[PDB]
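> sequence, then the experimental structure. Questions to follow.
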Amino acid sequence: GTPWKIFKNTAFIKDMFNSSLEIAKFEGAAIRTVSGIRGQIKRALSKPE
Amino acid sequence: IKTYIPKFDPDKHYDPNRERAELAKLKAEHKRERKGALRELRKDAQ
Amino acid sequence: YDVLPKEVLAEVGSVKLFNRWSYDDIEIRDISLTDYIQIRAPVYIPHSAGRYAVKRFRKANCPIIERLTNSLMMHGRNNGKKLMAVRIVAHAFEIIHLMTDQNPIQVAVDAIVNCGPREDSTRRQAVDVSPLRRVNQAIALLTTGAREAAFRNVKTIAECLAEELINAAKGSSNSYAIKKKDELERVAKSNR
Amino acid sequence: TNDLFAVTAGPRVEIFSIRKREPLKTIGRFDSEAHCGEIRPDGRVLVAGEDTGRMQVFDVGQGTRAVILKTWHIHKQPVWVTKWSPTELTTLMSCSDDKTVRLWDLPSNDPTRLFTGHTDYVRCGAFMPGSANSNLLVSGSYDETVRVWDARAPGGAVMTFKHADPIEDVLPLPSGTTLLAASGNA
Amino acid sequence: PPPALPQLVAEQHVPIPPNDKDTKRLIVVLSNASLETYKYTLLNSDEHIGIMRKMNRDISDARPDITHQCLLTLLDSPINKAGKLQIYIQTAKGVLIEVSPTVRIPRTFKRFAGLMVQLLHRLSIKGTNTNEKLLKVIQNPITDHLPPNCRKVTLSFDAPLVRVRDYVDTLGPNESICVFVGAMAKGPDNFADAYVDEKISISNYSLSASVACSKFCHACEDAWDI
Amino acid sequence: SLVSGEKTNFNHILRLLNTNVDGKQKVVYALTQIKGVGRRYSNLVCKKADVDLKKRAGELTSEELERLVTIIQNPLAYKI
Amino acid sequence: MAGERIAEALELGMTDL
Amino acid sequence: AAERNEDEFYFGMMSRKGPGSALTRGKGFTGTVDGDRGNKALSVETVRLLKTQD
Amino acid sequence: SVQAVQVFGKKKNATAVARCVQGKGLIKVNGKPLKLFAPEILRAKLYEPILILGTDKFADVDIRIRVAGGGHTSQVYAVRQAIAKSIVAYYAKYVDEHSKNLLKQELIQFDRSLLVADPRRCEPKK
Amino acid sequence: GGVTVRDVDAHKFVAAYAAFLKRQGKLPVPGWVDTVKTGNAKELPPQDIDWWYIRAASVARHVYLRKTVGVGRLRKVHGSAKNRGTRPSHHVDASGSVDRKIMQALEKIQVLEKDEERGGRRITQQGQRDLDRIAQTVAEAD
Amino acid sequence: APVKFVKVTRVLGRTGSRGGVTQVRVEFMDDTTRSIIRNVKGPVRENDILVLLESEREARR
RNA sequence: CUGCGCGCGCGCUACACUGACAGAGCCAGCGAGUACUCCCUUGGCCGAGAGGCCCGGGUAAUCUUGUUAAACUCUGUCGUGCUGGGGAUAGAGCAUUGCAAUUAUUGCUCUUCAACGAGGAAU
């Protein structure tokens, strides 16, 4: 996937899933940047599906 | 006085057009089923 | 003059409310409320940032037009706004002078004196009313009657407050506050 | 000294300035008409009677102010003139369309005195200016009569003059002795 | 005085606006009504006689028919058609309902019971051709909606006899009158003493609520020249 | 005793295209009463026909009344 | 109720006297 | 900045202009103490010499 | 050599510098006159020290005020505090102490907040 | 005495200037005046109808009181709150066609000038001259 | 039915009055020797002037 | 609509005259912001608007930004009428983000103009 909006820590990530059902399945998963930054999928986003 | 007719259970929505009432019922049942599915999937994930 | 407009330099002599209305000859008609209707220290506009809610009876020292303003800012949507309330008081006093050719602070003080209920009932028995509660109830009844008579009508709160204040000063039963005071006194007379 | 004069035409009055001669304010609160726009000798308060029978009295400032002081709806038939008293600030008079002229005071919600005696439309009237003529009223009607009343005894007219024409205008003279009744072609 | 010009058009008789306390009127408050929802129909003595007789709690109390016949009386009375009548209902649950004078109620008890259930659950009944609410469940107490210049009386039995004409002559010129009529079958007068100024009794005999309000409204029409 | 009341009969109900009720209000507030006519639309109609906003409805002559009833039929013939 | 208590006892004693 | 004595007195305070506040300085307010660029107000005799040279 | 007195004035977050010098009688706030800078109803709050003290005290001074922060009300209260404290400090330094004490007595008899800013701390009923 | 416009209060100045630019009859008015709104953040058009003079006077004074200003600053200044209906208010810039055309109008009348030397628009020396002159005129009515 | 002005001598502390009602001992303004205790609602202090309508009864608890 | 176990909870917006609208006055404070880059953006045109476009200052108490913010203040318009209070729902159009906008991301324009007349008992 690809970042969409980037705040200090929480970034919104766009081109990875297709629906909030898939995100709710992959909730809490260990997401990672190419650079080495670790992270965690926190919550599905409502308005862009 | 121009008297009016009272339109009339709390458990049921009242709407003349069956199409609009049925579309709202399908949207409500879809929201309920989606919330139940997300809750079951999240508890299985934890 | 340092920097002063012509109206202020004209009425440079004494302390005048809104630079137009004097405090010199104002007589409080009831003997009981001379302590609690404070016209002794004069003020220019009612917007005075004073801590008059620290302890008990400190509101017996703030000037009575500041009490009228602070009770005018009383509902859910008029809560923060004070310049609106002092503008309503200024417009209402101008309308009182145009309708009566009388001193508007004299009209307002006579209205508060005439609108205080003299005895009231408690859940039921009938007791007397302390003078501070008489002033509080008079100001609350006047502003509540003004806004409830300006609720959905074409008249604004300034015009309705001015007419309520003139009617209360005359003592006529056209006013909400005089009618409510007579209702409370007749209920206390019924119980006794 | 002031710079206000009022001209009523149709359903609105228009307070004009004396120096600038522009329409300073246009007051169109009236439902149907406005038959005389008369401002008080103090110069802050305009009275005007409509075609529906109400009269509205409202404060005007120097600028755009139209705040309604009082409204009376007692005539229930049009009021053609409503005039202030030249000496007192709260007393005014009203000649209505039916048969009545009547004295109001501004704080009260009731007409203080009622004068009947005309048989047709009464449509022009004035107070009587003078030190001795404190409370006398003249009004002429469309019944070809000019009547002058004492306001102390609300019976009939003190004096009555019968003309030949429907009496259109009335003015007293400032000495208070003589009076001009304008009726028809004379 | 002039002879007060003849009205060439018949009047429309607008009812009293809600902001108006200037006018003189008659408020009738049907206190201690019994409008209970059973499940959805009002709890009456028609079909619930077995339920209330089994659970042994005052079969005579659950009567909405008193409220129905009394509200029928007050809406058909000419003091309502003239527009000088304002009517409130108090139920035993603490529900206080303002009834607009501009409503015409269903005359039959089945439609009335369905309408009262819909009112008690939706807090309002809108008109058919009008958007203004006709029956409105409003806030307690009664004195927020009663006028400030008014005499709150209740129709009793132990109180001394007055004639209705002399009492509503004893009312002043700007003074309205609120009567507290007990719409219950059997009960004491204790239901309203937090609000009543004085108790009166209008005949030696015992009367029903419908004829009590009938007597009071027809006396008020005779004394207000309707 | 003879002054022309040729204008004093104006506070009566006028008839127009669709609505049969149009009394005196103003000239632009009377145009809102016709259905489909708006509050911003009514000011454009008056600036073409050389009628003043100060006047009322009923203060117009039998020629000046119908000039607003042609231009309410075809808004395209007068430019827009 | 202390003052009312001693007041009613005063009245009892007064009737006794 | 937290553990700063409000009554401290160095003698460079009589030969420096302080950081001030936004109210005293104005729109051109940074928290940096302004330094000298090396220029100085130059007396009339030396400017007479320089302008004769120019 | 020049007579100059700089006085601060304070409210919630509205602060005012007033520099008072020997002058002809002008009062300027942010480069605009005192009859211009306020909401139209709070100019009577601004003119309070001038009308207490009289205009003869302000006949000799020239006051220049800068304000920043706060809202309209806080800025008006800061301006009137800077005006009152500024003329009292000028009369302290450059004319007699009896005139300083007379000015202080008149201002304290009217309103103490023209001289001493009282901040609103948090101490409710403990 | 001597005069500026800073010696005259906002409203009576801007109204005096509005009455002057109006009287003058030289002004350009675009033509889409009357049929236009002032901002996307407004409900109704202006109530003065012919009103472009009011903003022209307000703009010209705003520019006199400072160095240079551009269309973007004026849109930001003349904008206010838009009700987004049932969702919170937010500040919204006013229209840049109004302000830019006003600037071009007042430029062609020689009361302001381009300032590409820094950006924006500066008050013209003849703009100082005419504005100070009407500011005097306002104080001469009083 | 006249109106008797009166003034507070002492507010009373341990009466046991219900709620906002406080008993108070008041001395008359015409004949300052006669003093009675009366019930008073609202905030009252020592040495202030009340207005009362019925003088004949001494107020209970 | 999150959460807890058509039902529920946190909310936003209103029911107007201490108001809506239209001019006009005009005032904060805590922030943030672009390197191996496209961040915060002034001003100049174009555009009704949203926006477009040409340049421009800023790695920053230095430029945006005095963040000219909103309630608010004034001079007008409207007049108690579901009214110009309210702005849901809906049609048609133009734009911006993005590889993508249908199930309408958001923005603007016209039009459509619902419930809601102070919330009941309780808590």
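Nice, thanks for sending it over. Numbers count the residues shown, from 1 in each chain, chains lettered A, B, ... in the order given.

> what residues does residue 44 make contact with?
With no chain named, the answer covers chain A. Residues counted as contacts of residue A:44 (Cβ atoms under 8 Å, 6 or more residues apart in numbering or on different chains) are A:20, A:23, A:24, A:27. The C-beta positions use only the backbone N, C-alpha and C, and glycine is treated the same way.

> switch to chain F, please.
Neighbours of residue F:44 in contact, by Cβ under 8 Å, 6+ apart: F:80, J:35.

> can you report how many residues neighbour the residue of chain G found nearest chain B?
Residue of chain G nearest chain B, by Cβ to the nearest Cβ: residue G:1 (52.0 Å). Neighbourhood size, residue G:1 [other Cβ atoms under 10 Å in any protein chain shown]: 10.

> what about the nearest residue to it once chain neighbours are set aside, neighbour count?
Using Cβ to Cβ, 6 or more residues apart in numbering or on different chains and skipping residues adjacent in sequence, the residue nearest residue G:1 is residue K:16, 6.2 Å away. By the criterion of other Cβ under 10 Å, residue K:16 has 10 neighbours.

> with the one 3 residues further on instead?
The criterion is other Cβ under 10 Å. On that basis, residue K:19 has 8 neighbouring residues.

> got a list of what the nearest residue to it once chain neighbours are set aside touches?
The spatially closest residue to residue K:19, leaving aside those adjacent along the chain, is residue C:122, at 7.1 Å (Cβ to Cβ, 6+ apart). Contacts for residue C:122 (Cβ under 8 Å, 6+ apart) come out as K:18, K:19, K:20, K:21, K:41.

> hmm, the third one is touching residue K:41, no?
It stands for residue K:20. Yes - if you go by Cβ atoms under 8 Å, residue K:20 and residue K:41 touch, sitting 5.2 Å apart.

> any idea how far the residue of chain D most remote from its centre is from residue D:39?
In chain D, the residue that sits farthest from the middle, by Cα atoms, centre = their mean, is residue D:20; the gap is 26.5 Å. Counting by Cβ to Cβ, to the nearest Å, the gap from residue D:20 to residue D:39 is 17 Å.

> go on, residue J:137?
According to Cβ to Cβ, residue J:137 stands 31 Å off from residue D:39.

> and these two? Which one has more around it.
residue D:39 (19 against 15).

> ok so, going back, among the contacts of residue A:44, name the buried ones.
Among the contacts of residue A:44, those buried by neighbour count (16 or more other Cβ atoms under 10 Å in any protein chain shown) are A:23, A:24, A:27.

> which residue, other than its chain neighbours, is closest to the first one?
It refers to residue A:23. In this structure, residue A:23 finds its nearest non-sequential neighbour in residue A:44, 3.8 Å apart by Cβ to Cβ, 6+ apart.

> same question for the second one.
Counting by Cβ to Cβ, 6+ apart, residue A:24 lies nearest to residue B:38, which is 4.7 Å off, once chain neighbours are set aside.

> got it, and residue E:226?
Nearest non-adjacent residue to residue E:226, counting by Cβ to Cβ, 6+ apart: residue E:82, 5.0 Å away.

> for chain C, which residues are neighbours of chain I?
Proximity of chain C to chain I, by Cβ under 8 Å from any Cβ of the partner chain, involves residues C:1-5, C:8-9, C:12, C:15, C:18-19, C:44-45, C:47-49, C:51, C:82-83, C:86-87, C:90.

> of the residues you listed, grab the buried ones for ChimeraX.
To isolate the buried ones among the residues of chain C next to chain I in ChimeraX, judged by 16+ other Cβ under 10 Å, type:
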select /C:2,3,4,8,12,15,18,19,44,45,47,48,49,82,86,87,90
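
> so which of the residues of chain C next to chain I are in helices?
Counting by DSSP state H, the part of the residues of chain C next to chain I found in helices is C:8, C:9, C:83, C:86, C:87, C:90.

> tell me which residues touch the residue nearest to residue E:226, please.
Shown in contact with residue E:82 (Cβ under 8 Å, 6+ apart): E:13, E:221, E:226.

> pretty sure the second one contacts residue E:80?
Meaning residue E:221. No - with contact defined as Cβ under 8 Å, residue E:221 does not count as touching residue E:80 (10.2 Å).

> those two - which one has more neighbours?
More crowded of residue E:221 and residue E:80, by other Cβ under 10 Å: residue E:80, with 23 against 18.

> how is the more buried one assigned, secondary-structure-wise?
Secondary structure for residue E:80, judged by DSSP: H, G, I helix; E, B strand; the rest coil, is helix.

> where's the closest residue in space to it that isn't next to it in sequence relative to chain I, distance?
In this structure, residue E:80 finds its nearest non-sequential neighbour in residue E:101, 5.4 Å apart by Cβ to Cβ, 6+ apart. Residue E:101 is 46 Å from chain I, where distance means Cβ to the nearest Cβ, to the nearest Å.

> reduced to three states, what does residue E:74 come out as?
Three-state call for residue E:74 (three-state DSSP): helix.

> what's near enough to touch it?
E:28, E:80, E:85, E:87, E:213, E:217.

> tell me, how many residues neighbour residue J:73?
By the criterion of other Cβ under 10 Å, residue J:73 has 17 neighbours.

> now swap in residue C:109 and tell me
For residue C:109, the count of nearby residues is 22 (other Cβ under 10 Å).

> all strands for the chain, in order.
Going with chain A. Assigned by DSSP state E, the strands in chain A fall at A:3-6, A:11-13, A:30-32, A:38-40.

> wait, I meant chain J there
Under the criterion DSSP E, chain J contains strands at J:80-84, J:87-92, J:112-114, J:121-123.

> contacting residues around the residue nearest to the spatial centre of chain A?
By Cα atoms, centre = their mean, chain A has its centre lying nearest to residue A:13, at 4.4 Å. Residues in contact with residue A:13 (Cβ under 8 Å, 6+ apart) are A:1, A:2, A:3, A:4, A:31.

> relative to chain B, which residue of chain J is the closest?
In chain J, the residue that lies nearest chain B is residue J:86 (20.3 Å; Cβ to the nearest Cβ).

> residue E:71 reaches residue E:30, doesn't it?
Yes - between residue E:71 and residue E:30 there is a contact under Cβ under 8 Å: 7.1 Å.

> now do the shared contacts for the two.
E:87, E:89.

> how near is residue D:183 to chain E?
Computed with Cβ to the nearest Cβ, the distance linking residue D:183 and chain E is 23 Å.

> go on, residue J:78?
Distance from residue J:78 to chain E, counting by Cβ to the nearest Cβ: 40 Å.

> nearest spatial neighbour of that residue, chain-adjacent residues omitted?
residue J:94 (4.0 Å).

> surely the one you found and residue J:41 touch.
Yes - counting by Cβ under 8 Å, residue J:94 touches residue J:41, with 6.9 Å between them.

> list the residues that contact both of the two?
Any residue near both residue J:94 and residue J:41 by Cβ under 8 Å, 6+ apart counts here, and that gives J:79, J:80.

> residue nearest the centroid of chain I?
Central residue of chain I (Cα atoms, centre = their mean): residue I:83, at 1.7 Å.

> now do the helices in chain G.
With DSSP H applied, chain G shows helices at G:2-16, listed in chain order.

> enumerate the residues of it near chain F.
Residues of chain G lying near chain F (Cβ under 8 Å from any Cβ): none found.

> what does chain J give?
Taking Cβ under 8 Å from any Cβ as the contact definition, chain J meets chain F at J:34, J:35, J:44, J:45.

> show me which of those residues is closest to residue F:41.
residue J:35 (11.2 Å; Cβ to Cβ).

> pull the contacting residues for that closest one.
The neighbours of residue J:35, taking Cβ under 8 Å, 6+ apart as the test, are F:44, J:45.
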